[PDB]
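Protein chains in written order, with the deposited numbering: chain S, 1 to 182, 194 to 207, 213 to 256; chain Y, 2 to 73, 82 to 342; chain F, 3 to 109; chain G, 2 to 109; chain K, 1 to 335; chain L, 1 to 336.
A virtual CB, placed ideally from N, CA and C, is assigned to each residue, including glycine.
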Amino acid sequence: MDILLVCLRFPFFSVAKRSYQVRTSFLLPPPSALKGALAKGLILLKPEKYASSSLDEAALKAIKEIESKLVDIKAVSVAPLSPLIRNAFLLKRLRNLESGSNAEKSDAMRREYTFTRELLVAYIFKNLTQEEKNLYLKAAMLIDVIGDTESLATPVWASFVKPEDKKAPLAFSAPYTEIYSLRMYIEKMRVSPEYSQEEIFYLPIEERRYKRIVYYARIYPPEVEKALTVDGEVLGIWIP
Amino acid sequence: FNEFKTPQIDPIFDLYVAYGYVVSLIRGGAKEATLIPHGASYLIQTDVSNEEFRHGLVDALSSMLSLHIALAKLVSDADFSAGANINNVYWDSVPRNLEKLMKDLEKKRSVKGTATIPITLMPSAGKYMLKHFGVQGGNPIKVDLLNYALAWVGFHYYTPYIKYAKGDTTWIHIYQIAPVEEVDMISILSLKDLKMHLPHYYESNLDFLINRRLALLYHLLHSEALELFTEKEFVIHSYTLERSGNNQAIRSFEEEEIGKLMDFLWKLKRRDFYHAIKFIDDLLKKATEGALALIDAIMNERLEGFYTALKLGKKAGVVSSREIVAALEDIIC
Amino acid sequence: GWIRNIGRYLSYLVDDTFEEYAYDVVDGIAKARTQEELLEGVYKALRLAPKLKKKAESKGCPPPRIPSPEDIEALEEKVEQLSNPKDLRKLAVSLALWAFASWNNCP
Amino acid sequence: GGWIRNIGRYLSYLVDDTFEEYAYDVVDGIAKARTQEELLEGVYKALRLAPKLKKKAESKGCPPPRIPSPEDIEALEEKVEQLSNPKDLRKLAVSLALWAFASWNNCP
Amino acid sequence: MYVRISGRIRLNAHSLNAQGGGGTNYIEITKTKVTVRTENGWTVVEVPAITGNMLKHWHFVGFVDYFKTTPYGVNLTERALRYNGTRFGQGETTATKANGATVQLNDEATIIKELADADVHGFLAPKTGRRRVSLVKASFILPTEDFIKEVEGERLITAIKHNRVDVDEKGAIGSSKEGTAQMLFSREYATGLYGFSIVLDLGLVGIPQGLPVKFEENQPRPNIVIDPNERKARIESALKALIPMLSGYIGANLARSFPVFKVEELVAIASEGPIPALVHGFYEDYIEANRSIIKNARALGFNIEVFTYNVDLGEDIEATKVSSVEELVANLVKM
Amino acid sequence: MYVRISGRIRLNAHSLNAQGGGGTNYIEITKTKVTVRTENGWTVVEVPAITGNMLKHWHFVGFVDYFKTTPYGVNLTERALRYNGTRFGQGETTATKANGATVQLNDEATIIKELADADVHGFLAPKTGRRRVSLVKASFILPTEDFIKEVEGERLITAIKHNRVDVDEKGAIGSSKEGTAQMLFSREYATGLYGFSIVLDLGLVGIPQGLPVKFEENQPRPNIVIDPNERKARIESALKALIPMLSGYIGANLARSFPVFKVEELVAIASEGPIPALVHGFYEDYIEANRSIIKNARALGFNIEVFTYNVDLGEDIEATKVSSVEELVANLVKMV
DNA sequence: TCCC
DNA sequence: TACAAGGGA
């Protein structure tokens, strides 16, 4: 029973919903992007068998393997320790994917990014063997980008720390299943990547307007049976 | 309690529908009601049954159609007809949808179809949608008829909007006021008082309606409903619509707040109005750069902004009376 | 506190009734980093007293009132302790904004 | 040490009305004192006009001017020797020059 | 091959990345909300910030500029010569080279063999997929947080008005009157110390994404579908494309502004294998984070070569002193 | 040819590039904010500056002045003869030549072939939508950082007020009712040591942006639309435009101010190829930065020729000790 | 295709 | 502010 925990320090992340013109950025990074990150890491480290002729097929099979290793499909969780704010940028973003209008068209479009000092993400695994545990620890880092390419991400620390069955208020994100069982946020973040499913997610951020933008901070949901300790601070977490 | 659920589509469209819920409720009654925000769901708790809800909604849309028929396939210069409908075909499409909703509604019959939502009620929507490697023909996004009509009613009764012509093109600034914690009936009616009908400002001397922040500052200058949000937290979501050479698109989506600006205005106007309203109007009309400096100073609390705004105003035509200076100094603290 | 009088005196240099338009002094004193330049700017601002008084006497309206020496020392005795430029900035801009008030002098 | 007020009061007699003596030259020279030597020289020209003012004040029915005491002169001297920094020199110069222009009630 | 650079660069008097201009003759700059400490307070500020896409476009321009000098520059699209790079779409399925040579887009191998810009910056072929992400990642350009914390106040944004003169036939300024000379437009200029971070995954240049290795003789040697010599040539072309990046060739309004540029400090790491990105330059404590990351990487056993400019970056690390970014790329091309 | 010039120029009592607005009087000069060290946390200071647009316009004026005398001077815009910067404004789709001929703004090749100003300085035609990036770029004229740090901010400006002596024919100064322009107005004059940096890209002159190459014999032959002699004349005129540049012709109010110049030091590099821009002279440590840049660029494998005036540089590399800016441009034109 |  | 670029019935 092991859980990877890696903290990423990034300027922005621009992963967004299904939307036109504006790509409505997620309030917190989705499980699908988090799974794809270590899928890319593992296919980069060992292309001996995880890399196939089709890049899409190789990524999809890596995702299948990593989700088979996950205790549940809704496993990865994030910690919004730093404040979450949103800003809007006008980007050239030529929209030539439309059927027609040649290729010399320039539609000035507009997008928004999410600013946050840093985040922590958890990868819960079951009884992974050391011969692959070292490889997965190596793949924990090398997560250079999350979502949009311009949204660089830098993992500074990554480690394997056991929950030890501590008691603390919930801090990590969790699906909206036990929170209903016991300022409440409801979202949908596309659990698995879509390739040629969606479940109600509780979002652990609340509003505190001290400045112009209200941004978000800890809502401190109730106490949970499982918790994780990092640098002297204990944070709640739920697993199936 | 009804605790009527609200569909999750878009925290802008969801705001409109769950916030026209209350205007549909008030005309039928439904006292002791509250609106709990859930980030985007915006659930509402009320002790109302469905029939009074329907009577209130049909009364609201009956007043809506009565206003629509007052001007004229009938196209009226109304907020829901031509003031906010940037597309010419929607000018006729929206009233027909509203009257179909009525005709289905007075005969105790539920709707059976769906309709496409314009970009006016939700800037997040549009024509196309990127599925895997391309877009779909037509408009993939569609909503229920009742939700569409009730969101239109909520937009028309509460949310302010300002249009400016400037020849062939047209700027339309649309604002929505959003709570995040808790509201009751009285608060929502105070917000309703903000809405002003037929803001067809046009004209040439009033050219500072571009720079949307300046336009909303001008609108809030002449709005004196209540200073409600000095005790309750609120946010504003704004967007713009353009007619540059018959090319309609959205080119601004910045999301800052509204509380501190009007708080500074309200602490700014204790001393008198005869030298306050004309002060702001003169600085807006004459020193547009000075007005921009002033609004930046209000937004980001920088000392030099007030001095620059005052200097620009005094240079051209502003009297800059003493009491306004004292109020500004007291704001500085 | 001893700001209204210096505010009126500074506004005496900006009103249209005084067709001299000394904006350099107010611009310089508004943009001050530390003690020396703000002191020099306020000195230059107060040096223009004789021309203001002569113009007011020749125009017929009452002459301007120079700030009293009782609160002249107040500026000094408060300003040395302002080692941090940040808290100095609020007063440096307060004097500038008081310099731009109406201050009806000659009716 | 309080001598700044006295010397400024003395300098105020060179610009104020009811005196017909307006020597802005020496006041400005003291104000713009880049170095200590020219500051001392400007103070010397300021003090050189003392007899005329102290006679004419009684000649025009006004109280005698507050001529600075020798202790004030000693303080001015000492401070000019331990102050060799132009930065503090400029602020002290404008400090004693600012008192020249004020609403002094020299003649009640 | 795999190189990552991050540091702080000082630039001022610029109008880079104008925020779509403005209708009323007023052109602004893109703004960014930033949260920072204010002595037990999470305060928010407005700062200018250049988008990553603009750095991407400038890197592509530099790469296509340097790839013209080498004799292997024939393998380039006609769009690249015009500083285009939309790279096709639904209606386009045939690539035209510099000389007008037809190139088919069924497979990525021939696409990257016949085109150089698509090899390094990726491309998109919606008809047949074959999506290739760019090997160069550019983050946003944000001012460093300690600078914002120290300054907090002051606009640091100057709005200046420029007039375009259109005199009449003989001597008149025209019938439009001198309220505006002929026109008065506005431009905003920023000033501050910014942080940057760029990632170059040059180890995959010339290797198809779907076939990292071909592996038929039981050795995982790279599947270099292209000629090794011109592959290396593309490598130094991409490396030298970075020289007209930290020199004053970033952003817009180059003719009227040409931002006053100078590199303050930086740290770069290089290796022959994949490596993690270090840090963005926006953070004040990035040096210690870099030290921790390089310590962890060397403890796990990666061959990391480090270069430092205007920064000690510890002492036990075998860091190489660097005087300028061009010396850094000169040391990089050796491999 | 690709050339980069960066140096420091002294200046005093200059009223150059003022806002000129803010009501009716007190013409107040333009200023900008710059970041400096000041042996503490980085601080922003408010200093006079000259916009690069003015430098670009004056470079265009000098280029026209030195290009009329050339035999190819007929191929010039009519507005250029008037020193008019309105290159293909709103509405019009055609331009007038110097001899009265007309040219249609349809293709870039004809525009750059028949019009010289639109070639070097680029152009924009909104109607047809044609675009051409200028081949000359300039930076702001900012005071050098060490000077700002050393002067501790005396505002570096002075205000001088003066009047008009408009008097009636009868010899009396009438009032407003009679009609008299006897009025006062003020001007702001600045001073100090300023740095500058200008970059030229004369290697692309006479080459359309759309089709730089033609590929007849399977080599990247540049698409020279004009005769080589005309291209050489254009290049030499563009270079010689720098002679009046650093002499007193980069500012406004020349009839009353005429800013006083003396170039204290500068460095220029020419390598007829893609070359990174030099470090602007505003920074106090730019000498060593440029020295390292030139030495390691020469070591990298690029043929850079370096001309230096009043800088020690590194004294271990081949640098030409030029003594004047016009001597420098003579050295540049002798190697074309 | 119509509809600005 | 000049030009383009668009959303729909």
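Problem set entry | alpha helix (DSSP H) segments (min. 4 residues) lying fully within the region 52-80 of chain S | 55-69
Exercise. Checking contacts by CB at 8 angstroms: is Y/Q9 closer than that to chain S?
Worked result: yes
Problem set entry | Secondary structure of L/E288, DSSP reduced to three states | helix
Exercise. If we cut at 8 angstroms on Cβ distances, does S/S25 have a partner in chain K?
Worked result: no
For this session: For chain F, find out if any of its Cβ atoms is closer than 8 angstroms to the Cβ of Y/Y316; answer yes or no.
Result: yes
For this session: Check the DSSP bridge columns for L/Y194 and list the partner residues they point to.
Result: L/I9, L/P143
Problem set entry | Neighbour list for K/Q90 in chain Y, Cβ cutoff strictly below 7 angstroms | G143
For this session: Can you pull the chain F residues whose beta carbon is under 8 angstroms from the beta carbon of G/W4, in chain order?
Result: Those within 8 angstroms of G/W4 in chain F number zero; the least Cβ separation is about 13 angstroms.
Problem set entry | Contact the region 99-106 of chain K vs the region 110-129 of chain S: 3+ CB pairs below 8 angstroms | no
Exercise. Are the C-beta atoms of Y/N97 and some chain K residue less than 8 angstroms apart?
Worked result: no
Exercise. Hey, would you say S/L45 sits closer than 8 angstroms to S/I66, going by beta carbons?
Worked result: no
Problem set entry | Enclosing alpha helix (DSSP H) for S/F172 [first to last residue] | Where S/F172 is concerned, there is no enclosing alpha helix (DSSP H), given that its DSSP letter is neither H nor E.
For this session: Closer than 7 angstroms by C-beta to S/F12: which residues in its own chain qualify, once you throw out the five before and the five after it? Chain order, please.
Result: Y113, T114, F115, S151
Problem set entry | Coil, strand or helix - F/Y14 by DSSP | coil
Problem set entry | Contact with chain S by Y/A41, beta-carbon distance below 8 angstroms | yes
For this session: Assuming L/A252 and L/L81 form a contact by the criterion Cβ under 8 angstroms, report the distance between their Cβ atoms to the nearest whole angstrom.
Result: Not quite, the Cβ-Cβ distance comes to about 21 angstroms (not below 8 angstroms), so this is no contact.
Exercise. Can you name, in chain order, every residue of its own chain whose Cβ lies under 7 angstroms from the Cβ of Y/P127, other than the five neighbours on each side?
Worked result: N94, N96, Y99
Exercise. So the beta strand (DSSP E) Y/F5 belongs to, where does it begin and stop?
Worked result: Where Y/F5 is concerned, there is no enclosing beta strand (DSSP E), given that its DSSP letter is neither H nor E.
For this session: Reducing DSSP to helix, strand and coil, say where S/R224 ends up.
Result: coil
Exercise. Taking only runs of the beta strand (DSSP E) that begin and end inside the region 107-162 of chain S, which ones reach a length of at least 3 residues, in chain order?
Worked result: 109-115, 119-125, 154-160
For this session: Give the single residue among K/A238, K/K295, K/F185, K/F140 whose Cα lies nearest to the Cα of K/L55.
Result: K/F140
For this session: Identify the contact partners of K/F140 in chain S, using a Cβ-Cβ distance below 7 angstroms as the criterion.
Result: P11, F12, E150
For this session: Alpha carbon to alpha carbon, how far is L/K68 from L/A233? Give it in angstroms, no decimals.
Result: 11 angstroms
For this session: Kindly indicate which three-state DSSP category Y/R118 falls into: helix, strand or coil?
Result: coil
Problem set entry | Whole-number beta carbon distance between L/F196 and L/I29, since they are thought to touch under 8 angstroms | Going by Cβ atoms, the distance from L/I29 to L/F196 rounds to 17 angstroms, so no, they are not a contact pair.
For this session: Pick out whichever of K/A138, K/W42, K/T77, K/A109 has its Cα sitting closest to the Cα of K/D117.
Result: K/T77
For this session: Name the two residues that bound the continuous alpha helix (DSSP H) containing Y/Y248.
Result: Looking at the DSSP string, Y/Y248 is not in any alpha helix (DSSP H); the run it does join, the beta strand (DSSP E), is 243-252.
Exercise. Given that F/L99 touches chain Y, what residues does it touch there, using C-beta distances under 8 angstroms?
Worked result: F315, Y316, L319, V334, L337, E338
For this session: Going by CA-CA distance only, name the one from S/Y136, S/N96, S/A139 that's closest to K/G91.
Result: S/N96
For this session: My understanding is that S/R86 touches S/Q21, with C-beta atoms under 8 angstroms, so please give their C-beta distance in whole angstroms.
Result: 16 angstroms between Cβ atoms; not a contact.
Exercise. Going along the region 302-327 of chain K in order, which residues come within less than 9 angstroms of chain L, judged by CB to CB distance?
Worked result: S323, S324, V325, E326, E327
For this session: Mark G/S13 as exposed unless 16 or more other C-beta atoms lie within 10 angstroms of its C-beta, in which case mark it buried.
Result: buried
Exercise. Can you find at least 3 beta carbon pairs, one from the region 193-202 of chain Y and one from the region 47-65 of chain Y, that sit closer than 8 angstroms?
Worked result: no
Problem set entry | Pair within 8 angstroms by beta-carbon distance, L/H14 and L/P244 | no
Problem set entry | Segment limits, alpha helix (DSSP H) that includes S/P29 | That residue, S/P29, is in no alpha helix (DSSP H); it is neither H nor E in DSSP.
For this session: Can you pull the chain S residues whose beta carbon is under 8 angstroms from the beta carbon of K/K137, in chain order?
Result: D144, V145, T149, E150, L152
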